[PDB]
Colleague: 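Let me begin by handing over the structure; questions about it come next.
A note on names: the letters A, B, ... follow the listed sequences, proteins ahead of strands, and every chain is numbered from 1.
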Amino acid sequence: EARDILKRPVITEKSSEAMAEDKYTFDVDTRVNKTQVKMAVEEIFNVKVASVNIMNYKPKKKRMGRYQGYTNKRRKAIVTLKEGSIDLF
Amino acid sequence: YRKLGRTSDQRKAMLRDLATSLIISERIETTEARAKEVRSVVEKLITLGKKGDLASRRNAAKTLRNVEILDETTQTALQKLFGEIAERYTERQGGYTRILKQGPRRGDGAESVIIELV
Amino acid sequence: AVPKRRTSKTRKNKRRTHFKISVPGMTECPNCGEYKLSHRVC
Amino acid sequence: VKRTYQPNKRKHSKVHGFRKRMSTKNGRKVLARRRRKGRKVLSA
RNA sequence: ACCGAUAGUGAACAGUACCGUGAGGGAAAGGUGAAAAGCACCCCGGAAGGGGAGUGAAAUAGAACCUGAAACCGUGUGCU
RNA sequence: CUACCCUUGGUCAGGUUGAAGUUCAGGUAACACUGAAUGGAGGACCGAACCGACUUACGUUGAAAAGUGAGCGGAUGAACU
RNA sequence: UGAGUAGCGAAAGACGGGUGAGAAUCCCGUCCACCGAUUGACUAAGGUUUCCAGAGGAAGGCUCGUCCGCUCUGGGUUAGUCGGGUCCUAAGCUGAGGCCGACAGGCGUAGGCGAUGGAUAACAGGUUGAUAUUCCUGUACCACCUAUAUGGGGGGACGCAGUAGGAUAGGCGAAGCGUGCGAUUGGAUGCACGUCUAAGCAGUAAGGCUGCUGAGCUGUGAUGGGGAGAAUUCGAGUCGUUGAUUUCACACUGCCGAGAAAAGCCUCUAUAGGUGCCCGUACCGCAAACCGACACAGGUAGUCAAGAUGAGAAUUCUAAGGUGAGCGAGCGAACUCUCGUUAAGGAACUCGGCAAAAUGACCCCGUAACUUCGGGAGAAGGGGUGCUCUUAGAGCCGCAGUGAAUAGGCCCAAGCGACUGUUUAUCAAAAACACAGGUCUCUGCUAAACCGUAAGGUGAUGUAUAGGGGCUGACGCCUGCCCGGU
Ligand SMILES: [K+]
Ligand SMILES: [K+]
Ligand SMILES: [K+]
Ligand SMILES: [K+]
Ligand SMILES: [K+]
Ligand SMILES: [Mg+2]
Ligand SMILES: [Mg+2]
Ligand SMILES: [Mg+2]
Ligand SMILES: [Mg+2]
Ligand SMILES: [Mg+2]
Ligand SMILES: [Mg+2]
Ligand SMILES: [Mg+2]
Ligand SMILES: [Mg+2]
Ligand SMILES: [Mg+2]
Ligand SMILES: [Mg+2]
Ligand SMILES: [Mg+2]
Ligand SMILES: [Mg+2]
Ligand SMILES: [Mg+2]
Ligand SMILES: [Mg+2]
Ligand SMILES: [Mg+2]
Ligand SMILES: [Mg+2]
Ligand SMILES: [Mg+2]
Ligand SMILES: [Mg+2]
Ligand SMILES: [Mg+2]
Ligand SMILES: [Mg+2]
Ligand SMILES: [Mg+2]
Ligand SMILES: [Mg+2]
Ligand SMILES: [Mg+2]
Ligand SMILES: [Mg+2]
Ligand SMILES: [Mg+2]
Ligand SMILES: [Mg+2]
Ligand SMILES: [Mg+2]
Ligand SMILES: [Mg+2]
Ligand SMILES: [Mg+2]
Ligand SMILES: [Mg+2]
Ligand SMILES: [Mg+2]
Ligand SMILES: [Mg+2]
Ligand SMILES: [Mg+2]
Ligand SMILES: [Mg+2]
Ligand SMILES: [Mg+2]
Ligand SMILES: [Mg+2]
Ligand SMILES: [Mg+2]
Ligand SMILES: [Mg+2]
Ligand SMILES: [Mg+2]
Ligand SMILES: [Mg+2]
Ligand SMILES: [Mg+2]
Ligand SMILES: [Mg+2]
Ligand SMILES: [Mg+2]
Ligand SMILES: [Mg+2]
Ligand SMILES: [Mg+2]
Ligand SMILES: [Zn+2]
């Protein structure tokens, strides 16, 4: 279940500053809670989690040509480790 | 005298601003009618500077704006007028400015001119 | 207040007889070999 | 001037929403009519 | 011995867009070419757009692309 | 939207007037009665916010399918929200 | 076609510098101007990516555009404590059984849902292009976990007005300290700013109530932070005055119209370690992003509330902060509109003094008929305001002294309506409606009346000093004749 909870890492300027501060940003399944996120990270990466922050992103308006629709809604989790680190390369 | 499309107070403020700008920069670009009024305002200020007494200085301060001018020295517009400009025009009897037409502006067709100290 | 009849092409063009612009007043500039408005500076 | 439409999320959903339509026989008739016409939107 | 894009379904590309608090109302919009061979390259231009050169049977078939009527808008002038 | 209502909230710069009571003083056989102070009532008064819309000017292919400028009515109440 | 015509949607801009193919219109700067009980700041609804960065200029922008709430690409919203849910109930909605009804369905008991109300644990500082009581730093608190050590009662719990106080916030002044600055215009050696720091935790405490409560203060929190400042280190937190619209607190007094519920809560039958979910969080927000077809002079709930002047949140100029309004340049004709002035006269204008003018603040004199004894009344009509000096006088100046702005015109008489109030959203605000008061009439309670087919309801958790209906319309004096007809 844990590898379903964690979808992908998020790579941005703000996420990179977070990684400099030992915070790792993941896109997670939109149904899971932050406790599940913490358990999944601990299990997958064999690290210790200090805290997990979470937020939702609404669908964003997007178009190509005459077709206007929306992107997928997102759930973003920021995981603060107390022990260890995660190698994304 | 011209009205320049402004009320009395607006016109007076704009003429003071233009005269002080001309004193600071020695050459400005504006509209023809504005320059044709600014020439009289600026020449009377220069006359006051050539007089150079305390009363003439205070009368000039009635009209000039309070703009600092920065060899790292610093002086006010009134100081420049009663110093450098007056000394340069000690021997000339009027006609301290000249207007040079340049042609219409793109945005509104206004006749642009350059008015400069001679 | 409103036109009683439509304006014919003939009448419209007759009215527009004087609706035109004029070539500007221009003179040759000696040094640069170009043109400018008379009594204006480059 | 104060106009007639003063939007209100709660009022809109409570008066014109799916559950309000479901709650009455005539509301279900509305939903059936819109499904028959092929509407993309059935309710508020 | 039905229609042929104002016809025929409202809809040849839509119960969409849009309108309405809502029930509900409800469009417009088809066609390059046989084949994309959809204009390498040069020139003016910031671009847009053009002129060449090329492709093509044909480019006033260059995509707002078959045919291209009329209203309407221009340029030239034989008579007045 | 609007009319009325239900439940639950909120708002009203400042001036002015001075009801009932009370107390003290006169006064009585006992009450009535009177003056001063105190007191702070009122769909009270003047007037901002706010709520209106009386007059007038402007606007009348509007800035606006009912508005704007200047005055104007109410403004602790059957108030406004 | 009208026609290069009307319009381009309230207003102050100017110049220098830059960018660029192109600049009145973009960026930077200086000066100027406008708002400032707000054109400032913060919540809510509503909108829903409009937010940020880089790039772009076809179309949108009432001009232009190098710019944008527009286009392209990539980003941005972090919570045990904030608001909501895992708590409570109001109106209302719904409703197991049940009652009623051609059908469909209507009603309703227990119960349930349902904030606009009740309960409930976190503060200060720092930081980004875009989030922050959410991230970070420091210091806390709450619930639960692990280890060492059910009935009763109370309460919650409530209106409106007014008054006297305590405290604090805030304002002002002296400069006590601190930081700067110290002036080429005649003169002086003075000019301008700063003067703080939370929750929590201990001690205490003006008051209030009949021991319980209680604003606030002190210390700690804090060799931390923030600071007018000097070149990463160093830097002041003091005296007086005024004083709330905040809080003690609906505490106290008074009044009639007599002012939720339920749960949480109360009462009677320590330390240590660890855990703490979901939803919202971007941005606009009295608006260019909401409702008005618009980048529309309209509408849109609450909060914060500086100085001078003043009774004031009025007036005028300013502070904090924000803004110069998405067409301009000339000219200075008629005419239109909005403003200012005007000889002599002064309503001769006109349906009508319509409009305008005049009055206007504060202080002191003074004030009629009539009256329901309250009023009328700010009746009317008159005086005084500047500045300096002495302690009410003496002086000084102007045409003028509330020298600006803001601030009742008044009187006499008549109709109607007693009065405050209400009305034809959008041509009528009135003499119309209402009204307190009067009278008539119905109604003995499963009342009459009203809604509904009914059940069920309103009347009313009322009971003839009550409820419904008709007419009249304060108050004073009064309200005559006719019962043949309806
Ligand atoms: K209410
Ligand atoms: K919202
Ligand atoms: K002219
Ligand atoms: K009766
Ligand atoms: K009879
Ligand atoms: Mg969250
Ligand atoms: Mg002129
Ligand atoms: Mg003026
Ligand atoms: Mg055809
Ligand atoms: Mg068809
Ligand atoms: Mg052809
Ligand atoms: Mg063709
Ligand atoms: Mg207020
Ligand atoms: Mg009153
Ligand atoms: Mg009033
Ligand atoms: Mg009305
Ligand atoms: Mg008005
Ligand atoms: Mg009155
Ligand atoms: Mg035309
Ligand atoms: Mg013309
Ligand atoms: Mg014409
Ligand atoms: Mg004209
Ligand atoms: Mg015009
Ligand atoms: Mg404009
Ligand atoms: Mg504002
Ligand atoms: Mg932006
Ligand atoms: Mg344009
Ligand atoms: Mg964009
Ligand atoms: Mg029911
Ligand atoms: Mg922000
Ligand atoms: Mg925000
Ligand atoms: Mg919109
Ligand atoms: Mg607007
Ligand atoms: Mg508005
Ligand atoms: Mg309002
Ligand atoms: Mg004001
Ligand atoms: Mg605009
Ligand atoms: Mg006169
Ligand atoms: Mg006269
Ligand atoms: Mg007279
Ligand atoms: Mg007459
Ligand atoms: Mg006459
Ligand atoms: Mg009048
Ligand atoms: Mg006054
Ligand atoms: Mg009346
Ligand atoms: Mg009235
Ligand atoms: Mg009307
Ligand atoms: Mg009217
Ligand atoms: Mg009557
Ligand atoms: Mg009889
Ligand atoms: Zn030349």
Colleague: Decide yes or no for B/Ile115 and B/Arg98: does some side-chain heavy atom of the first lie under 4.5 Å from some side-chain heavy atom of the second?
Modeller: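 Answer no - side chains too far apart.
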
Colleague: Is any NZ, NE, NH1 or NH2 atom of the basic residue among A/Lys38 and A/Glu42 found under 4.0 Å from an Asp or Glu carboxylate oxygen of the other?
Modeller: no

Colleague: Nearest to the side chain of D/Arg39, which nucleotide is it out of E/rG25, G/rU185, G/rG76?
Modeller: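 Selected nucleotide: E/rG25.
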
Colleague: If we call a positive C1'-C2'-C3'-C4' torsion north and a negative one south, what is the sugar of E/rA64?
Modeller: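 E/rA64 falls in the south pucker range.
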
Colleague: Taking the side chain of C/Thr7 as its heavy atoms from C-beta onward, which of G/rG2, F/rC1, E/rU21 lies nearest to it?
Modeller: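 Nearest to the side chain of C/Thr7 among the choices is G/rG2.
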
Colleague: State which of G/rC135, G/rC15, G/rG65 makes the closest approach to the side chain of A/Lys23.
Modeller: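 Minimum distance to the A/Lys23 side chain belongs to G/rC135.
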
Colleague: Kindly state whether the bases of E/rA47 and E/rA48 qualify as stacked, with ring centres closer than 5.5 Å and planes tilted less than 30 degrees?
Modeller: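 For these two strand neighbours, the answer is yes: their six-membered rings meet both cut-offs.
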
Colleague: Using both distances under 3.5 Å as the test, list the Watson-Crick or G-U wobble partner of G/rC362, or none.
Modeller: G/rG384

Colleague: Using the sign of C1'-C2'-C3'-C4', would you call the sugar of G/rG20 north or south?
Modeller: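 Here the sugar adopts a north pucker, which is what a positive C1'-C2'-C3'-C4' value indicates.
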
Colleague: Take atom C1' in G/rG61 and the same atom in G/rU50, then report the distance between them in whole Å.
Modeller: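 Roughly 16 Å separates the two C1' atoms.
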
Colleague: Mapping D/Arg33 and D/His16 to their closest nucleotides on RNA chain E, which lands nearer the 5' end?
Modeller: D/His16

Colleague: Choose from G/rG76, G/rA14, G/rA329 the nucleotide whose nearest atom is closest to any side-chain atom of B/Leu18.
Modeller: G/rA14

Colleague: Let's test this: given Watson-Crick or G-U wobble pairing with both distances under 3.5 Å, identify the partner of G/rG178.
Modeller: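 Check on G/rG178: paired to G/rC193, both distances under 3.5 Å.
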
Colleague: Is there a Watson-Crick or G-U wobble pair linking G/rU271 and G/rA149, both distances under 3.5 Å?
Modeller: no

Colleague: Is there a donor on the side chain of D/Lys37 or the base of E/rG26 sitting less than 3.5 Å from an acceptor on the other?
Modeller: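 Indeed there is one.
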
Colleague: When the distance from CZ of D/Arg36 to P of E/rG25 is rounded to whole Å, what number comes out?
Modeller: 10 Å

Colleague: Using purine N1 to pyrimidine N3 plus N6-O4 or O6-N4 for Watson-Crick, or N1-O2 and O6-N3 for G-U wobble, both under 3.5 Å, which nucleotide pairs with G/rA124?
Modeller: G/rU137

Colleague: Would you measure the distance from the P atom in G/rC286 across to the matching atom in G/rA432 and give it in whole Å?
Modeller: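 After rounding to an integer number of Å, I get 47 Å for this pair.
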
Colleague: Could you please name the option among G/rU281, G/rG46, G/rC15 that lies closest to any side-chain atom of B/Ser21?
Modeller: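 Side chain of B/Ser21 sits closest to G/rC15.
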
Colleague: Taking atom types as they are modelled, is there a donor-acceptor pair under 3.5 Å from the base of G/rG76 to the side chain of A/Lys60?
Modeller: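 It does, because a donor-acceptor pair links the side chain of A/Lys60 to the base of G/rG76 below 3.5 Å.
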
Colleague: Return the nearest nucleotide to the side chain of B/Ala33; candidates are G/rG330, G/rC277, G/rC31.
Modeller: G/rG330

Colleague: Syn or anti for G/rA334, with syn set at within 90° of 0?
Modeller: anti

Colleague: Just checking: do G/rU281 and G/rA460 form a pair, Watson-Crick or wobble, with both of the defining distances under 3.5 Å?
Modeller: no

Colleague: In the structure shown, which nucleotide is the Watson-Crick or G-U wobble counterpart of E/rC41, with both distances under 3.5 Å?
Modeller: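 Base partner found: E/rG52.
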
Colleague: A/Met55 has a side chain; which of G/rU78, F/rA64, G/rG2 sits nearest to it?
Modeller: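 For A/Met55, the side-chain atoms sit closest to G/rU78.
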
Colleague: Could you tell me the Watson-Crick or G-U partner of G/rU253, where both distances fall under 3.5 Å? Say none if there is no partner.
Modeller: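 Answer to the pairing question: G/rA161, which forms a Watson-Crick or G-U pair with G/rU253.
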
Colleague: Can you find a heavy atom in the side chain of A/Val41 that is under 4.5 Å from one in the side chain of A/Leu6?
Modeller: yes

Colleague: Mind checking A/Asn56 for me? I need base, sugar-phosphate or nothing, with any heavy atom below 4.0 Å counting as a touch.
Modeller: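 Sugar-phosphate, backbone atoms only, no base.
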
Colleague: Considering every strand and a 4.0 Å limit on heavy-atom distances, what is the contact class for C/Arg11: base, sugar-phosphate, or nothing?
Modeller: nothing

Colleague: Round to a whole Å and report the spacing from CZ of D/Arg10 to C1' of G/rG114.
Modeller: 7 Å

Colleague: Between G/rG155 and G/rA161, how far apart are the P atoms? Round to whole Å, please.
Modeller: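 To the nearest whole Å, 26 Å.
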
Colleague: Do G/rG398 and G/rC399 stack, judged by ring centres under 5.5 Å and ring planes under 30°?
Modeller: no

Colleague: Just checking D/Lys9: base, sugar-phosphate only, or nothing, at a heavy-atom cut-off of under 4.0 Å?
Modeller: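 The answer is base, as D/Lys9 lies within the cut-off (heavy atoms under 4.0 Å) of a base atom.
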
Colleague: Is there a donor and acceptor pair closer than 3.5 Å between the side chain of D/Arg34 and the base of E/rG24?
Modeller: yes

Colleague: Is G/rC471 paired to anything, Watson-Crick or G-U wobble with both distances less than 3.5 Å, and if yes, which nucleotide?
Modeller: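 G/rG438 - that is the nucleotide pairing with G/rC471, both distances being under 3.5 Å.
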
Colleague: Categorize B/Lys3 for me: base, sugar-phosphate, or nothing, with a 4.0 angstrom heavy-atom threshold over every strand shown.
Modeller: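 Answer is base: heavy atoms of B/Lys3 come under 4.0 Å of a base.
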
Colleague: Among G/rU185, G/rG46, G/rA79, find the nucleotide with the atom closest to the side chain of B/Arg57.
Modeller: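 Closest of the options to the side chain of B/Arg57: G/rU185.
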
Colleague: If the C1' atom of G/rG352 is compared with that of F/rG42, how far apart are they to the nearest Å?
Modeller: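 Result for the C1' pair: 40 Å, nearest Å.
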
Colleague: Identify whether any heavy atom of C/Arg5 sits under 4.0 Å from a base atom; if not, whether one sits that close to sugar-phosphate; answer base, sugar-phosphate or nothing.
Modeller: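 Nothing, no heavy atom under 4.0 Å.
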
Colleague: Using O4'-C1'-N9-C4 for purines and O4'-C1'-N1-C2 for pyrimidines, with syn meaning within 90° of 0, is G/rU189 syn or anti?
Modeller: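 With its glycosidic angle within 90° of zero, G/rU189 counts as syn.
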
Colleague: Counting only Watson-Crick or G-U wobble pairs whose two distances fall under 3.5 Å, which nucleotide matches G/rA308?
Modeller: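 Pair assignment: G/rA308 / G/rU316.
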
Colleague: Over how many whole Å does the gap from D/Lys14 atom NZ to E/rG22 atom P extend?
Modeller: 18 Å

Colleague: Just to be sure I understand the rule, does D/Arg21 reach a base, reach only the sugar-phosphate, or reach nothing, if contact means heavy atoms closer than 4.0 Å?
Modeller: sugar-phosphate

Colleague: Tell me yes or no: do the six-membered rings of G/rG22 and its strand neighbour G/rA23 sit under 5.5 Å apart at centre, with planes under 30°?
Modeller: no

Colleague: Determine which nucleotide pairs with G/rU341, using a 3.5 Å limit on both distances of a Watson-Crick or G-U wobble pair.
Modeller: none

Colleague: Distance between the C1' atoms of G/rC442 and G/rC450, in whole angstroms?
Modeller: 14 Å

Colleague: Between B/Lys51 and B/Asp53, does any side-chain N to carboxylate O distance fall below 4.0 Å?
Modeller: no

Colleague: Under 4.0 angstrom, heavy atoms only, what part of the nucleic acid is D/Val1 near: base, sugar-phosphate, or nothing?
Modeller: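 Result for D/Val1 = base.
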
Colleague: So, is C/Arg16 near the phosphate of G/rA3, with a side-chain N or O under 4.0 Å from OP1 or OP2?
Modeller: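 Negative; the distance criterion is not met.
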
Colleague: Please determine, for the side chain of C/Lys9, which listed nucleotide (E/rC73, F/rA66, G/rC31) has the closest atom?
Modeller: E/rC73

Colleague: Do the charged groups of B/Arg2 and B/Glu32 touch, with an N to O distance under 4.0 Å?
Modeller: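 No.
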
Colleague: Find the distance B/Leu64:CG to G/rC32:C1' and express it as a whole number of Å.
Modeller: 14 Å

Colleague: If you sort sugars by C1'-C2'-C3'-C4', with positive as north and negative as south, where does G/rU341 go?
Modeller: north

Colleague: Please determine, for the side chain of B/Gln10, which listed nucleotide (G/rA12, G/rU30, G/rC15) has the closest atom?
Modeller: G/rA12

